[PDB]
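Protein chains get the first letters and strands the later ones, always in sequence-line order, with residue 1 at the start of each. These numbers come from the heavy atoms of this one structure, side chains and all, not from hydrogens, waters or symmetry mates. Counting starts at 1 for both ligands and their atoms, following the listed order.
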Amino acid sequence: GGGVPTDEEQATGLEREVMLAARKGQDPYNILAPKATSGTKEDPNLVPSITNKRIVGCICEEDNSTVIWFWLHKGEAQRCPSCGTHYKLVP
Amino acid sequence: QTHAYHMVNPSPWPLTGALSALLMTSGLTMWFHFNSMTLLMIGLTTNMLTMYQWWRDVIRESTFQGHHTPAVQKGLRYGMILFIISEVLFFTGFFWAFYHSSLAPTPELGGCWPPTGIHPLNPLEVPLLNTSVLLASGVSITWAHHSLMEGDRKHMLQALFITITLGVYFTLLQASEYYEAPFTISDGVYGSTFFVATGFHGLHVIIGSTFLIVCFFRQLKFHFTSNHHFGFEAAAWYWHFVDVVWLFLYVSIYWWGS
Amino acid sequence: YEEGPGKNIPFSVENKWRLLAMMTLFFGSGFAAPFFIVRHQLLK
Amino acid sequence: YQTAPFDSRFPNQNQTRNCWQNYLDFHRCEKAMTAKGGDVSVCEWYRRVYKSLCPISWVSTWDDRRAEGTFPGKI
Amino acid sequence: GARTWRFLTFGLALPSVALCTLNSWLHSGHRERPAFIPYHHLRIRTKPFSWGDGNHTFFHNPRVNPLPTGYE
Amino acid sequence: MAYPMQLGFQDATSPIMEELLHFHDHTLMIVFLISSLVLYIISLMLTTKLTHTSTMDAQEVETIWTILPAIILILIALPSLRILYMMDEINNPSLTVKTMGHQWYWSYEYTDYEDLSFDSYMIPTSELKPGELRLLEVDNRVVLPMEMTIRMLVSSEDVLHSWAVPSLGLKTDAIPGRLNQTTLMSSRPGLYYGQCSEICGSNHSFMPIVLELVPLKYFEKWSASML
Amino acid sequence: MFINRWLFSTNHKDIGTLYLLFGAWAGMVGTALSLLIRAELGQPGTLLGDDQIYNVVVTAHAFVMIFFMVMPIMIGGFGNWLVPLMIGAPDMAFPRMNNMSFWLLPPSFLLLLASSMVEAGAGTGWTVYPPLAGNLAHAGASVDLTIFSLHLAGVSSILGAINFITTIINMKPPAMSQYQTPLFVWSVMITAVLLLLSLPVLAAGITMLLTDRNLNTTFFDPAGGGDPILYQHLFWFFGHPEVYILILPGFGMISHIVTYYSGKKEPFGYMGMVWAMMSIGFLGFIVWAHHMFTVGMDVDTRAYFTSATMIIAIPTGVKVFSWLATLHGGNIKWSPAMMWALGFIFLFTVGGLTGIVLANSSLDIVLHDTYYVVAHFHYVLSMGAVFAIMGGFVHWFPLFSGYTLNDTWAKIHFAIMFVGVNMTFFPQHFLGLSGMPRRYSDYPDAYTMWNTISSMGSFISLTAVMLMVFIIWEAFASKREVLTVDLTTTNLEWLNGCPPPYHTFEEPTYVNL
Amino acid sequence: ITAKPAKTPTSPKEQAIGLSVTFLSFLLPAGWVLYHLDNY
Amino acid sequence: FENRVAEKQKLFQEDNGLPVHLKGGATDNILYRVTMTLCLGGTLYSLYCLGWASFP
Ligand code: HEA
Ligand code: HEA
Ligand SMILES: CCCCC/C=C\C/C=C/C/C=C\C/C=C\CCCC(=O)O[C@H](COC(=O)CCCCCCCCCCCCCCCCC)COP(=O)(O)OCCN
Ligand SMILES: CCCCCC/C=C\CCCCCCCCCC(=O)O[C@H](COC(=O)CCCCCCCCCCCCCCC)COP(=O)(O)OC[C@@H](O)CO
Ligand SMILES: CCCCCC/C=C\CCCCCCCCCC(=O)O[C@H](COC(=O)CCCCCCCCCCCCCCC)COP(=O)(O)OC[C@@H](O)CO
Ligand SMILES: CCCCCCCCCCO[C@@H]1O[C@H](CO)[C@@H](O[C@H]2O[C@H](CO)[C@@H](O)[C@H](O)[C@H]2O)[C@H](O)[C@H]1O
Ligand SMILES: CCCCCCCCCCO[C@@H]1O[C@H](CO)[C@@H](O[C@H]2O[C@H](CO)[C@@H](O)[C@H](O)[C@H]2O)[C@H](O)[C@H]1O
Ligand SMILES: CCCCCCCCCCO[C@@H]1O[C@H](CO)[C@@H](O[C@H]2O[C@H](CO)[C@@H](O)[C@H](O)[C@H]2O)[C@H](O)[C@H]1O
Ligand SMILES: C[C@H](CCC(=O)O)[C@H]1CC[C@H]2[C@@H]3[C@H](O)C[C@@H]4C[C@H](O)CC[C@]4(C)[C@H]3C[C@H](O)[C@]12C
Ligand code: CUA
Ligand code: NA
Ligand SMILES: [Zn+2]
């Protein structure tokens, strides 16, 4: 006894784009928290953007209540002004 | 946008809703004091038009346009939970009124509960039937839910139809008990607590039955998937809330208060 | 929609004297209302 | 008798039930005494206490309701 | 599963409704209305009702609901 | 009654009002000290060019900030609750008087022995006798025996009122269908004034209370003369 | 375009703007009402009429200041503008429902002004106690229009509370825990929980009053076995939480302003400040009967309500001391917003302490329904809630508008208001101790000096309100455009510029774990 | 905060006009009502 | 019945700039005009009713 559509058959618009991206392990709509690198100049945190700048929030140490916010610009890696952690924009 | 949230198209329904509230309140004032129903009937009409178009647009945005990502659905889940909590606290005020009056009956009542000259309904007659009906509807709506998750269109429809039929049965039984009751809303605090508490509950049963009927027609139109059906979950949560309020009324007003 | 200073508001700030008139009418009507309601109650 | 003494059944600021109970007790005792044709003077304590505690308008309203047949307490 | 909740719907829930419907059916029929007594805590009228002649409750039943002055 | 430029409580006429004055003195000292300490610490934080803007550890100091206030509240609660229970204590009154609130006057009933009742209305401003107080005098005062425990019972026959006599520490709400009890004991003869203390409509400002405290023998003859 | 933008909004900033305009207009109404009160009391005798016209003015004063000025400005205005920006969210969870929360308020306000125009008004007090508020002592439409006003404001705030709780729980960056959200965001979430739980109980109570008035119910009428004191319990079950609703967002704004103008990256003792606000919110539900110490409740009940009420001083003290510890070591900027916030810390403390005096049932016998209560609540509302609103307004006006205020004028405004509110309310302590009742149009002659001084104070506060309108005009008239804002690294709401674009965070913030 | 100089400077005379007009908009209507109370 | 959701998805995603409350076609405009006319007319009538009730 069937007759109920599935998300695979009937999901549309952004719901479907999220569904199809997650099957491929991709996160274009920023649903997941990114995992930090070591954050050195050699191994900077890689920050995707669809433009040439994005706001970073840096939780410098685990369980800090204070988030440090700054614009990251296309070009050379920038550093969190509190902890010095490196971030690089990947547009 | 590279987030998952819904930027809603500019909408007139918030304003029409706000104005329908002005027309219903000013309309009730005009009915209670100036002997006229005109404003009130305009407000009830605009309120129904607003609800229809607003929830229609929510279906357009979700089923037809795909804006209900998991993040959006999670927000609607919280919204409906919070709305149900607010309705619980509303009923809590009426239960407080009931216990206040009944635990310390004043001399005007004869210093007893039920008051002198009050002949309560037998809780083992229609009130017990109404209890069986709402509990039964809690079982059938659960059947409907599992049918939908298992992808069974025919059994979802049959279970949901049974659930609506029981909600209608309860409403007709309560209408008949209202008509047959030898006491009225003007029979002191007994009538006051009985009719206002059971009356708001009856209104919630009608609202919940309307929501289930909306889910029934959306199901007929294939709107729900086996995994995405928040309107059905929300109607089911609301329907359990209505059942649980009934169980508290039955125990408090009908049984303990008899 | 227009963005930026003086454009994210439902009133115009293009002319400071027209703005003074609009603000005068807006805050002035709020402040006046209770005096005129009291006058209304006293005149019944 | 000066006034109604402290009654441990009614120890709080709300004395409504104290007035009510003593009014009931007087009228129940009076009915029991008029019935067997006994003496209403055994009822005197209840009479003094309710007269001390109860507002005149309450007693007046209750007496009117006993005569009307609309008094809601059991006598 | 759906199968179990259907089993409960038809095997327990609707049989209960059927039995309570029987119970109510058997105890229906008009019981005899009590002597009218004009108790002041009942048939309250502080303001006329906004319908009818102002003196009838909304679901007034002439058989069992006396007015302030008694049964109609 | 209050006098011009008064800062504090009317002088105590009853032992419980005396107790409330001493309890208020103790509480006010605490309010003064905490208000003063906060203002002084604000002014201390704001009067140095020295800086320290790095993260500050909170937990040690939060012990002081919670314990010291907890101790201070206990030092208020102890005498507060001793007085609460002292007013509630069983006392054996010699006399019961009822007052009924009305729009806009008080009625009094003394029904221990005879049916004595009367209405008590404000003296209009234009009818004051020389030396009498605007908005405070009544035609018929509540005559009571001094140095005797009196049970006052308070109700209303219309809307809420509240029967208050500040110098005796008294305020009891007047609620229709309810009989509220308080006790009154005046250490002194004299005239003790109060004012309706629940919003009750057009003349809420204009239904005062005047107690007249006299020796028992005078109260008895007055009672007899008022039947 | 104009209708689509301002009547059909789904934008958190524009809706915040609508709330601030609405609240500003409401503040002018509430100010006029406050001056009529003080004009009546400014010399012995009768100015306007008897207690009915007077108490219509007093009642409307309270409803307007609470429901149309403070709640719309703090929650609807600052909450809608700042909450999404402070969590990097693109809007509220329910951007269309948000617009209905706003548009319910003009009609709510219209019903209150209708109450005052029909018959003789609702001269009930803002508590609307029966039987004075009943259909015998207040026959006709006035009280029903007041009830309906409260119903619409109730629905507005309930739907607003659902919106804020959902937004704050569901729409933060996925790496951001609740313990990485700013204190203002916490203050709004807790306020929203209080609204969600308290307003439905008010709705139930005023609905019972509506049915007693119009459908011959007797919830509050002893003739039917009802009890006027039941209404008081239902009202105050809402009413005590309501005062915490009025101050909590003010606490949140004070934390931000003190941190900012101390040159600090963070408030002292963040988790203590979260603990304190949650504690105050919880304790605020179990104390309501401190509004009922004279109604005749049992001694043990009075003992419980005394004790439970005093407990609130502990978490409140942690916040006051944490604000002082935030100032400690700061590079202090003596901005106008900092002046408001420092006035807040001191004057809120004084009103909180007179509240602890009132918490003592035995002393409350003599202080209840006197100007001592009026002094307590105007210290916490007219010098607490209002100082936090004025501080927040001057601090964030350049974010909202893209223009600067004249700081010298803003300091003048602060100085005048500071003198006027203290001159108004400090002497009311003396009137309370010495026994002057509440809701009086006239007083025994002994109370004349302090009533005279209080009324003179009210006129100074009027001068400050008039100057404030001029100061806002001068800012829009001059058009000084914002360039740089300091401390954006710990104040995300500023990082999109002044004003921010209509759409912010279309691309969300990057926050890693 | 830093800001640009005023795009449309408000001179002392212009400020006196704005302040005067603001104050009159509060004071004249209330003053008219209170002056006429006796007549009401 | 048959599943015609795909045909409603095409209609409501059509690139025509209409807001969702008008995107169904001419019937939406009619029901919008009826709603807003009753609301605005009703509100003007409520103001007339206040004017009337404001005097004895
Ligand atoms: C913003 C509004 C607001 C706030 C926050 C408060 C906060 C408090 N209020 Fe108040 N209150 C009102 C608004 C408010 N109130 C209103 C409007 C009324 C009248 C209602 C009506 O009848 O119309 C009223 C009435 C009212 C009454 C009833 C009085 C009566 O009618 O007889 C009482 C009784 O306890 C009370 C107490 C308190 C207390 C204990 C607090 C506490 O939350 C205060 C806590 C703060 C502090 C104590 C200061 C800071 C602490 C320290 C520096 C630490 C050290 C302190 C100690 C050791 C004591 N208030
Ligand atoms: C928020 C609440 C609040 C505020 C701010 C005030 C402010 C004032 N109040 Fe009142 N008042 C109450 C709430 C408030 N009040 C309540 C609840 C009662 C009890 C009612 C009852 O008994 O039923 C009361 C009662 C009351 C009485 C007692 C009446 C009586 O018992 O007979 C008096 C007497 O003087 C008084 C006076 C004033 C004065 C002179 C001010 C002045 O300080 C006001 C000065 C002006 C302002 C403070 C500006 C306000 C405007 C803004 C902040 C807009 C800002 C604009 C932008 C940000 C763009 N009020
Ligand atoms: C089968 C159950 C379904 C209920 C449907 C019945 C009627 C219409 C609306 C119902 C809404 C529910 C509650 C409102 C209050 C009262 C009605 C109680 C239920 C009822 O219907 O009670 C009847 C009385 O109705 C009366 O007065 C009727 C009065 C009609 C006008 C109601 C006034 C509206 C009140 C305003 C509501 C405010 C909402 C608050 C929102 C909260 C916002 C924060 C009982 O009849 P009776 O003849 O006295 O006794 C029987 C004797 N044979
Ligand atoms: C005679 C009585 C008159 C009184 C007036 C009230 C009368 C009737 C109201 C009945 C309520 C009907 C509500 C219909 C909602 C339909 C829209 C809907 O259900 O929308 C759903 C979202 O839920 C959502 O918004 C959830 C939205 C929930 C709202 C429900 C609220 C109950 C409302 C009560 C309102 C008044 C109560 C006050 C009483 C005092 C859409 O998402 P999905 O379902 O996942 O679909 C998408 C999938 O297809 C993708 O594959
Ligand atoms: C005396 C008479 C006074 C009565 C006054 C009546 C007042 C106003 C008239 C109301 C008109 C209602 C019109 C329909 C409103 C539907 C709201 C709704 O359903 O809101 C939803 C959110 O609330 C949610 O879910 C969960 C919440 C749904 C709430 C539905 C409406 C409730 C209105 C009454 C509530 C009273 C509370 C009773 C308890 C005291 C959707 O949010 P949107 O922002 O639209 O969309 C977001 C998009 O992503 C969707 O695709
Ligand atoms: C789309 C908008 C265009 C249409 C506008 C709406 C026109 C409606 C006008 C009719 O007015 C009505 O007239 C009735 C009688 O004149 C009233 O009943 C009243 O009088 C009845 C009998 O006369 C009583 O039975 C009722 O209790 C009582 O409310 C009724 O209330 C009132 O509404
Ligand atoms: C609480 C807020 C209010 C605080 C006090 C307000 C201060 C008063 C501002 C001036 O108000 C005006 O005063 C005039 C008198 O000075 C009035 O003219 C009246 O008196 C004039 C002189 O007798 C006549 O020429 C006019 O016709 C006559 O209307 C005029 O109407 C009124 O607007
Ligand atoms: C989209 C636009 C919105 C539509 C606005 C419609 C406005 C026109 C409504 C007609 O007005 C009516 O006038 C009747 C006068 O004939 C009133 O009758 C009522 O009042 C009468 C007055 O005598 C009484 O006979 C009765 O109470 C009753 O019939 C009734 O109150 C009122 O409705
Ligand atoms: C024939 C039709 C098919 C639905 C479909 O697959 O499109 C069936 C499936 C389930 C049926 C419904 C359910 O069986 C429950 C109801 C049973 C009643 O006997 C008729 C109405 C009733 C409400 C049915 C109407 C209709 O015949 C439905 C909707
Ligand atoms: Cu009687 Cu106030
Ligand atoms: Na006066
Ligand atoms: Zn960092």
Side-chain angles (χ1 to χ4, degrees), chain B residues 21 23-25 27-46 86-87 89-90 93-94 121 130 170-187 191-207 209, chain E residues 43-44 48-54 56-66, chain G residues 104 108 144 147-148 150-159 195 199-211 213-217 238, chain I residues 34-49 52:
Chain B
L23 301 182
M24 289 183 296
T25 54
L28 278 174
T29 304
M30 157 170 137
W31 187 46
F32 288 160
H33 293 283
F34 299 99
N35 197 37
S36 171
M37 282 193 324
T38 306
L39 260 183
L40 175 55
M41 295 301 148
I42 296 169
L44 290 167
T45 306
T46 58
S86 75
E87 292 249 61
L89 271 289
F90 184 61
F94 297 111
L121 303 171
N130 273 339
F170 172 95
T171 300
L172 293 172
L173 287 167
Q174 199 73 312
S176 160
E177 280 301 272
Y178 273 21
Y179 185 66
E180 297 299 328
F183 55 83
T184 76
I185 197 168
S186 78
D187 289 340
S192 301
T193 55
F194 182 95
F195 287 112
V196 174
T198 70
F200 270 113
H201 178 261
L203 171 67
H204 285 73
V205 172
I206 293 167
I207 291 169
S209 297
Chain E
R43 274 74 64 165
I44 297 285
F49 296 110
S50 300
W51 57 84
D53 67 1
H56 286 74
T57 65
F58 204 86
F59 296 122
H60 174 82
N61 179 343
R63 197 189 76 71
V64 297
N65 305 142
Chain G
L104 282 165
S108 180
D144 296 322
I147 293 172
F148 292 136
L150 287 169
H151 277 148
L152 295 210
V155 171
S156 173
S157 284
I158 289 165
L159 301 185
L195 282 166
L199 277 167
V201 179
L202 175 67
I206 64 179
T207 300
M208 287 168 203
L209 181 62
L210 183 74
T211 67
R213 287 171 52 75
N214 297 287
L215 301 178
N216 291 312
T217 59
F238 153 77
Chain I
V34 167
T35 308
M36 188 63 67
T37 301
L38 289 176
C39 285
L40 293 178
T43 295
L44 286 176
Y45 181 58
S46 76
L47 294 173
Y48 167 83
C49 287
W52 192 94

Minimum-distance protein heavy atom relative to [atom]:
| atom | answer |
| --- | --- |
| atom 17 (C) of ligand 8 | B/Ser36 OG, 4.8 Å |
| atom 1 (C) of ligand 8 | I/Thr37 O, 3.8 Å |
| atom 33 (O) of ligand 8 | B/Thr38 OG1, 2.7 Å |
| atom 10 (C) of ligand 8 | I/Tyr45 OH, 4.3 Å |
| atom 20 (O) of ligand 6 | B/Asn35 ND2, 4.5 Å |

Where's the contact between [X] and ligand 3, heavy-atom distance under 4.0 Å: side chain, backbone, both or neither?
| X | result |
| --- | --- |
| B/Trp31 | side chain |
| G/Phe148 | neither |
| E/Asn65 | side chain |
| E/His60 | backbone |
| B/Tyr178 | both |

Is [atom] less than 4.0 angstrom from some protein heavy atom?
| atom | value |
| --- | --- |
| atom 8 (C) of ligand 6 | yes |
| atom 10 (C) of ligand 3 | no |
| atom 24 (C) of ligand 6 | no |
| atom 30 (C) of ligand 8 | yes |
| atom 7 (C) of ligand 3 | no |
| atom 4 (C) of ligand 8 | yes |
| atom 27 (O) of ligand 8 | yes |
| atom 31 (C) of ligand 3 | yes |
| atom 15 (C) of ligand 8 | no |

| remark: In ligand 8, the atoms that come under 4.0 Å of a heavy atom of I/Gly42 are 3 (C)
| said: Does any N or O of ligand 6 fall below 3.5 Å from an N or O anywhere on E/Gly52, backbone included? | reply: no
| request: With heavy atoms only and a cut-off of under 4.0 Å, state how B/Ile42 meets ligand 8: side chain, backbone, both or neither. | output: side chain
| Nearest candidate to atom 15 (C) of ligand 3, where distance is taken over non-hydrogen atoms, out of G/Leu215, B/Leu203, B/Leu40 | G/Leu215
| request: Report the part of I/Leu38 (side chain from C-beta onward, or backbone N, CA, C, O) that has a heavy atom under 4.0 Å from ligand 6; answer both or neither where that applies. | output: side chain
